[PDB]
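Visitor: Need coordinates for the following:
(chains A and B, ligands or ions: 2)
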Protein chains: 2
Amino acid sequence: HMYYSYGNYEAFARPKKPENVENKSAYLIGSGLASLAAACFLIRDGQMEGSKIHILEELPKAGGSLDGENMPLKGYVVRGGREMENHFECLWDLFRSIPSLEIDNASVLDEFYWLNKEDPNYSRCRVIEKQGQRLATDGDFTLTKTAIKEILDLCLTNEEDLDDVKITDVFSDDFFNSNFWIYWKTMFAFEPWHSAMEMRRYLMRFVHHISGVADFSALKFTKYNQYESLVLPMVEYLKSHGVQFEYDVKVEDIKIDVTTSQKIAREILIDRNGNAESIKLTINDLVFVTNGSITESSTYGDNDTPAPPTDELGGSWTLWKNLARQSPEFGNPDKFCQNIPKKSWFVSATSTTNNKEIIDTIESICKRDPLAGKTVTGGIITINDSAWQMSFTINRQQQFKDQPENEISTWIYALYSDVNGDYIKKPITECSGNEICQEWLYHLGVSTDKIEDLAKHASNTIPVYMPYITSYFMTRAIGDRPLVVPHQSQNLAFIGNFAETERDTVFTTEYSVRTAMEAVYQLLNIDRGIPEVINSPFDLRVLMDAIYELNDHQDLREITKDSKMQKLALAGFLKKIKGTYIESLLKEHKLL
Amino acid sequence: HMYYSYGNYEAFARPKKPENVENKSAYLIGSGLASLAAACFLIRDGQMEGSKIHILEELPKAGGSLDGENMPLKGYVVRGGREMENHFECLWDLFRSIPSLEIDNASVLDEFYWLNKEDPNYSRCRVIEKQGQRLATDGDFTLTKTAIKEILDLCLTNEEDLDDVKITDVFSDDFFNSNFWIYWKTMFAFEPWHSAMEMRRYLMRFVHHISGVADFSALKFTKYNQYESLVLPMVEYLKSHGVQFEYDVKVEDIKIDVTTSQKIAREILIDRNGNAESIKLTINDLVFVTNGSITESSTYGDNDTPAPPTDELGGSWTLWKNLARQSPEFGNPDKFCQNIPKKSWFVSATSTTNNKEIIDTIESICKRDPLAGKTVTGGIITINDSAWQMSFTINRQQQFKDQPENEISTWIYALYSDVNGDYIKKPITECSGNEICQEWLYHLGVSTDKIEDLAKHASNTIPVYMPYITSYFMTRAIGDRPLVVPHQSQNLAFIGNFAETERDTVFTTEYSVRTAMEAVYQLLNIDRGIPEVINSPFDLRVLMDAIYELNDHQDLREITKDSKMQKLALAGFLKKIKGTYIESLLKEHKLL
Ligand SMILES: Cc1cc2nc3c(=O)[nH]c(=O)nc-3n(C[C@H](O)[C@H](O)[C@H](O)COP(=O)(O)OP(=O)(O)OC[C@H]3O[C@@H](n4cnc5c(N)ncnc54)[C@H](O)[C@@H]3O)c2cc1C
Ligand SMILES: Cc1cc2nc3c(=O)[nH]c(=O)nc-3n(C[C@H](O)[C@H](O)[C@H](O)COP(=O)(O)OP(=O)(O)OC[C@H]3O[C@@H](n4cnc5c(N)ncnc54)[C@H](O)[C@@H]3O)c2cc1C
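Guide: Numbers count the residues shown, from 1 in each chain, chains lettered A, B, ... in the order given. Ligands and ions are numbered 1, 2, ... in the order given. Right below this line is the structure:
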């Protein structure tokens, strides 16, 4: 009930009012980015009455995983950071229509575009080691021929043949020893046991940005945290259109008839203010389920208390489990929320400080004044030789509108959770905020004498334990994620980064916007094209650049210089294409 | 002073106000589509004051080659028809901002998009012969292996090696005997002696539409003629912004200093109301020259008088000639406006009638009621065995808002001008309107008894002799067309279908919009990306579809079934790619 498109024609075109939409209502389980984007699309393109749009949230506030607040009895905390790129096609379709809350007569897209042109993002230091020294080979990928061939063979493998395959199953030691693996696994938070299918999707989806993977030149960021820059403008727009925010309501089940001909949502069983109630649904009441959550059951610590580890299934995962009992076409949540290894990423941390010594130590590494208000680290700095495999970033300060001008807040995360640290020789899951800050300051090169004092009394570090933060990337098979609109579904859609759609990559905001938009368009039969995932993996020019970049800026003669079986094929093919447009294209892209 | 881009990010983004634009003015030579589009871009993105924008036109009305009027003392006349496609990226960037004059709160793009979704364009009869019989092989391309190989070898030839090369120089008899050549040469008005470079550009530019070349399923049309649907909305927008239309002013020269460091336009020498005057220019007065015109020196006939042939250089060609004397970087107009062969297309015709016999004869061929207001012929019908190589179309009737509801107007053109017709055994350039109508009705299958009466007294046919209508496609070399902004030019730009820009194809409205937009962006340093020409020739999927379609829907096994040198290579390559994503892609596109 939809079609994919690309180009300006379908981008600038407005859809006609969908049929019978004046007699339809919408209920969105959750208030993360997916549900908010779907509500926005229901307003703009579906032309649905705002009062007929119900957003059900269990927390006190909207946003979801794009949070960012001065949590009372703690401090400033951002559960993550949002790297963004130009080719978030659906997200930019969305946010060009959302008024910015910072610039008059300007969209969120306008503010973002002008900002990332004023202060472009780039890293002057990406990988450090030995307590604050930049990696000597920072910039190069250092991939052997076997590692490059393994990358290509992963891309050349059909997705259908990658069910439950792990990343270590399709890569050997040269790849894991390469700088490429450092950059890739830290900027995308991949683990060695994660889904090779999703890694292949990532390789094909961002292949146009390989030249900017090491220096983060392809990344783009908002001014503030994603709650103030993305969530609040969207919420203001939706409220100005009368959208119905219902807070502190927990959905436990959705009664759905799965017949031989239809799948129809009949009832929303909810818990509002401790009272178990029911929402009866007709065929004209669409339900958008954000199945699963990476932030569910998050616990919080403080400067002197670790965030208590948990294995608790919340409302999101129990709701997906309850929906899976009604049809296998609704997915298998256990593949994502169970058997998460102990080593997996769990803990994030936000360390706030105004101390000049820490800020100056950061300036000495990132080469930029962290209080200047512009780019600081340009993205995560990775401590290569850290036992926790730790990375940290400082975005444009301050990430909060009402943060003091002399403060900075640093986001820290670790890929390995069950390993003794190098300074604090305990696993990160047993560390308070100041202890994470201590282990972090140790790798900055701070003198061991000052580390403990500067961490405990000069910094306020809030830690966060998310038991499902790596859940997106767990090894999966085709069918474990429900289709955005399952077969014969009449009024039920699955959105968010656990739904199934082609080619696009999860753990991205664009995936949420895409699933929201596809769900709305399919359920309402909106007569407008959906922007396909950008066609970079099919672009000959982009693939030529990929070959040039993966081989550390070498032409075809240098790549094949160490084998006769390579040299002969290259010479024959070159004579075959001599003096043609193919040769000119290869020369234009530095491959000849 | 510009960059190319693609995707929604740069499409929806607005540019900041360009620097120092409040102290700048603009003068546009001509009022065709290029000048109007450039004025629109100066208003919207350059944010230039409308009163500082001067559009100089020598004719009484604006529009140029997009005309369409009830010419007094004659009849209805459209000098041509405008086939359009979805991937006119720059044009759709433009017209999404131009308010439609037919639908409230809707752009021209909105009206066009909704209309071509309501009444999609497709032909139920494309090629006829033997006085009104549909070609038996209508639909198939009927290309031999040699013809397909010649097409690919033209595409694989560097553009730089195609200077002054003719189409007959890179094609043999199989290609010219193919139905592909019929469709291609008639829908694009290519002649055998025309530029092979431009034919290669056409092959690469519309390769995504090969599946819809025979039935015109990829074409899209406005509601009315291009003067009422495109020109009038643009003019209304520009006037609502205070743009300065100066009519009946003929530019004869532009005094330009071409120094070792700069090219600066100093003076506009004009003839306004018979008075020779001068317009002094500073560096902040940009000049946009529409160098050359395909409609210049057009003569008109009537039902009983031929359009008098002419070789006269008008104001456009003499102005381009005068500019060429000042620098070779400004092009060589003589390559386009001299040595036009006698055989070339010169004559168009608009035959209007309300006679039921002619309309019913048309319904019997095109299978649609020509007075229904929807699609009629879906594009040009080509009379294959006509000596004039004649084609004709009937767009959605009526093409004029104030045309009687019982009338239709048919556009007719002929590729060969110096050949005796099959019924009227004179060349078309010696035929009155009714005589062209007679030769046309003869190929419809009208009984010879009624042809002459129905043409002379039941129809009103206006003919038009354009000595330069084929000028776009004349054999050219790199440098014969000036760059949109020549090197070191400070305030001079060349727009229209005789300027030079990469990859895009001339004889298209999109080329005019593209040159206008690139000129404005380069001269004003507008901080927004220009949409590149659509990347279809670099898209692996599109190229696979091209292979499948050119070979008349055959997979790789059928294509290679008649040679061992083909079979062996195919079998080896297939075993090399067996069970991979390459094999799956080839199967998805029906090549395996
Ligand atoms: C650490 C981290 C790093 C990130 N990095 C990036 C990055 O680099 N790039 C990028 O593009 N994006 C990034 N993201 C964003 C990521 O894509 C998020 O998933 C994004 O916010 C999408 O939100 P969502 O609505 O799809 O899911 P969520 O934000 O998880 O939505 C869940 C919401 O639904 C509510 N909910 C769940 N179940 C119920 C129920 N039964 N009843 C009521 N309410 C319920 C929850 O309370 C919550 O508000 C990151 C996120 C995190 C947490
Ligand atoms: C027969 C025909 C078929 C076509 N088919 C198609 C098609 O299939 N698809 C498509 O996309 N487009 C088509 N077109 C449109 C084509 O691309 C036109 O060139 C288009 O209108 C672009 O206009 P332009 O402003 O670039 O050139 P023009 O329209 O030629 O602009 C010239 C204008 O400038 C004026 N002028 C010139 N010199 C001077 C001077 N010295 N002083 C003052 N005024 C001057 C002229 O009077 C005229 O108004 C067709 C056009 C014709 C005529």
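
Visitor: Name the next helix or strand downstream of the helix or strand hosting residue A:152, please.
Guide: Per DSSP states H and E, residue A:152 falls inside helix A:145-155. Note on helix A:145-155: by DSSP H and E, the next helix or strand toward the C-terminus is helix A:173-176.

Visitor: how many other residues sit next to the closest residue to ligand 2 within the stretch 401-550 of chain A?
Guide: Nearest to ligand 2 in the stretch 401-550 of chain A, going by CB to the nearest ligand atom, is residue A:529, at a distance of 21.9 Å. C-beta here means a position set from N, CA and C on the backbone, and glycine is covered the same way. By the criterion of other CB atoms under 10 Å in any protein chain shown, residue A:529 has 19 neighbours.

Visitor: right, and it touches residue A:8 too?
Guide: No: checked against CB atoms under 8 Å, the pair residue A:529 and residue A:8 is beyond contact range at 11.6 Å.

Visitor: thinking again about what came up before, quick one: buried residues of the helix holding residue A:152?
Guide: A:147-148, A:150-151, A:154-155 (16 or more other CB atoms under 10 Å in any protein chain shown).

Visitor: same for it, what does it pack against?
Guide: helix A:173-176, helix A:196-205 (3 or more CB pairs under 8 Å, 6 or more residues apart in numbering or on different chains; DSSP states H and E).

Visitor: Turn the buried residues of helix A:145-155 into a markdown table, columns for distance to ligand 2.
Guide: As requested, the buried residues of helix A:145-155 are exported to a markdown table (distance: CB to the nearest ligand atom, whole Å):
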| residue | distance to ligand 2 |
| --- | --- |
| A:147 | 49 |
| A:148 | 45 |
| A:150 | 48 |
| A:151 | 43 |
| A:154 | 44 |
| A:155 | 39 |
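
Visitor: from the residues you listed, which is closest to residue A:86?
Guide: Ranked by distance to residue A:86 (CB to CB), the buried residues of helix A:145-155 are led by residue A:155 at 22.1 Å.

Visitor: Please report how far the closest one lies from residue A:571.
Guide: Counting by CB to CB, to the nearest Å, the gap from residue A:155 to residue A:571 is 26 Å.

Visitor: looking at the helices and strands packed on helix A:145-155, which is closest to residue A:479?
Guide: Of all these, helix A:196-205 sits nearest to residue A:479, with 12.3 Å by CB to CB.

Visitor: So which residues make contact with the helix or strand following the closest one?
Guide: Moving toward the C-terminus from helix A:196-205, the next helix or strand (DSSP H and E) is helix A:226. Contacting residues not belonging to helix A:226 are listed as A:63, A:66-68, A:82, A:509 [CB atoms under 8 Å, 6 or more residues apart in numbering or on different chains].

Visitor: got it, and stretch A:422-431?
Guide: The contact list for stretch A:422-431 (CB under 8 Å, 6+ apart) reads A:306-307, A:309, A:346-347, A:386-388, A:414, A:416-421, A:435-436, A:438-439, A:442-443, A:448, A:451, A:463, A:465.

Visitor: Now intersect these with the strands, please.
Guide: A:347, A:414, A:463, A:465 (DSSP state E).

Visitor: Show me the beta-bridge partners of the third one.
Guide: On the basis of DSSP bridges, residue A:463 takes part in beta bridges with residue A:349.

Visitor: what residues are up against it?
Guide: Residue A:463 touches A:300-302, A:306-307, A:347-349, A:431-433, A:436, counting by CB under 8 Å, 6+ apart.

Visitor: Please repeat the previous calculation with a cut-off of 10 Å.
Guide: Contacts for residue A:463 (CB atoms under 10 Å, 6 or more residues apart in numbering or on different chains) come out as A:74, A:77, A:299-303, A:305-307, A:346-351, A:412, A:428-429, A:431-437.

Visitor: With the last one instead?
Guide: Residues near residue A:465 by CB under 10 Å, 6+ apart: A:297-301, A:306-310, A:346-348, A:417, A:428-429.

Visitor: redo that, cut-off 6 Å
Guide: A:299, A:307, A:309, A:346-347 (CB atoms under 6 Å, 6 or more residues apart in numbering or on different chains).

Visitor: what's the closest of the contacts of helix A:226 to ligand 2?
Guide: residue A:509 (38.5 Å).

Visitor: Number of residues surrounding that closest one?
Guide: Burial of residue A:509 is recorded as 24 neighbouring residues (other CB under 10 Å).

Visitor: Would you mind confirming that residue A:212 is in contact with residue A:219?
Guide: No: using CB atoms under 6 Å, residue A:212 makes no contact with residue A:219, being 7.6 Å away.

Visitor: quick revisit: just send the ones in strands among the contacts of stretch A:422-431 back as CSV, with distance to ligand 2 too.
Guide: As requested, the ones in strands among the contacts of stretch A:422-431 are exported to CSV (distance: CB to the nearest ligand atom, whole Å):
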residue, distance to ligand 2
A:347, 60
A:414, 58
A:463, 62
A:465, 61
